[PDB]
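This document starts with one chain, in the form deposited in one PDB entry, laid out as structure tokens.
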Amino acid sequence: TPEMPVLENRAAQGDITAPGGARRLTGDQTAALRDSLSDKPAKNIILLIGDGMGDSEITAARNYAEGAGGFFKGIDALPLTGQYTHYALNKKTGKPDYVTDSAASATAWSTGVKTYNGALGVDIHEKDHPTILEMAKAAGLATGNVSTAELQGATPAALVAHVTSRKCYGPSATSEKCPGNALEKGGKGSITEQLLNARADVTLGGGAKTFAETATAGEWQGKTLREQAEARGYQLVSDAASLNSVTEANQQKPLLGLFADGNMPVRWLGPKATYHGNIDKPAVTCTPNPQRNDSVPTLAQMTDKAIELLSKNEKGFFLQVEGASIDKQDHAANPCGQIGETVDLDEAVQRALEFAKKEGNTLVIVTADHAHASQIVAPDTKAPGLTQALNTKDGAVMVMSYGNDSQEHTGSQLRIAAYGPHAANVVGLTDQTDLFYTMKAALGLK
């Protein structure tokens, strides 16, 4: 009867004001942990990436959505936890660049080598390196790339593209910013063109705008990239209904879901943080975004559908899901939008975790690419940045600050948690590039 446990409940077990009422543990965990350690090979791997979800962003989201003594049933249910560094490299000197951008970090884990901010699947010498997705696929596994951002964003593109600059979304941008990658210059092409060639069995996300561009050379010159996809035998679905009608997705008929021109709609609506906002304004109570839709698939729905379609492959699969806008609303000083995306990712982690729990051979990892600006401060705080007071589930006020156009990333080490075989490799201090080797090893590649 061996079954690996998932933290079923680590909420304040009682009365916050009373002795022991705030404890989250009801007994000794030594046994539960032992039952969580396995070195058996992992058949599948699901990697949930919260863009910019550092410990501060997690605590901010729990506080507001579940209450300080709350528990995220997905994000906090992962038994093995640790901390990992994610610094970039200075392209010229080759020294550490203490604060990474999404592209550099995304490469470190998907390819195993450090790089300079902005690089996508290339090292400082601009040399291409096979990403974990290309390798999983080479070994005959199924591959899935899901996100709530544009498939050209740093995190998803990192698994299927090798360009010198993240800004090379399509032919238009590539000719000018990545001339060496420009298809008409003998290169591999733009991120979108490379994505189309990588051919993952399932790719769900937004960023359909770029697919309207036409190739400047090659076999599909003059055809829009959307037409290319179709000519290459792709299944294009553009809404929840059709996404759900897909019975199978493979290499003969790979799926491509373009659910929005840019980023898919945010979950909650709310005002932007403001200078001395915590005082010049009443507490904010986030409200559901009316554009979220009954037709726009939610992140937990894409994770669920992709898991379904990918589990047909007898050999196994590799999946990457990105709760994307947490990073964006963080950059936008919009507490509600930021918090909503976190809750949104929690629902996704839940699905992945329920599956992994029954299959017994899945490695589920939840982490972030880099930390962000958001900080939870005292109610009466008078900071120089932008602040906003929110009404938390505890019926209490929580103040948030953004003080570093937009808010930047920070280089603090952040949480990384896992569940399943080889999850033991996330405990303690590790580096982001370690994630590549952990996955390469668990999946049995090479």
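Residue numbers run from 1 along the displayed sequence.
The discussion below concerns the form solved in complex with a partner chain, not included here.
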Query - in the deposited complex, the one of 199, 226, 328, 357 near its partner chain [non-hydrogen atom within 4.5 angstroms] - result: 328
Report summary line: With the partner omitted here, the residue among 350, 301, 361, 165 that in the deposited complex has a heavy atom within 4.5 Å of its partner chain is 165
Report task. Could you confirm whether residue 117 comes within 4.5 Å of its partner chain in the deposited complex, counting heavy atoms only? Result -> yes
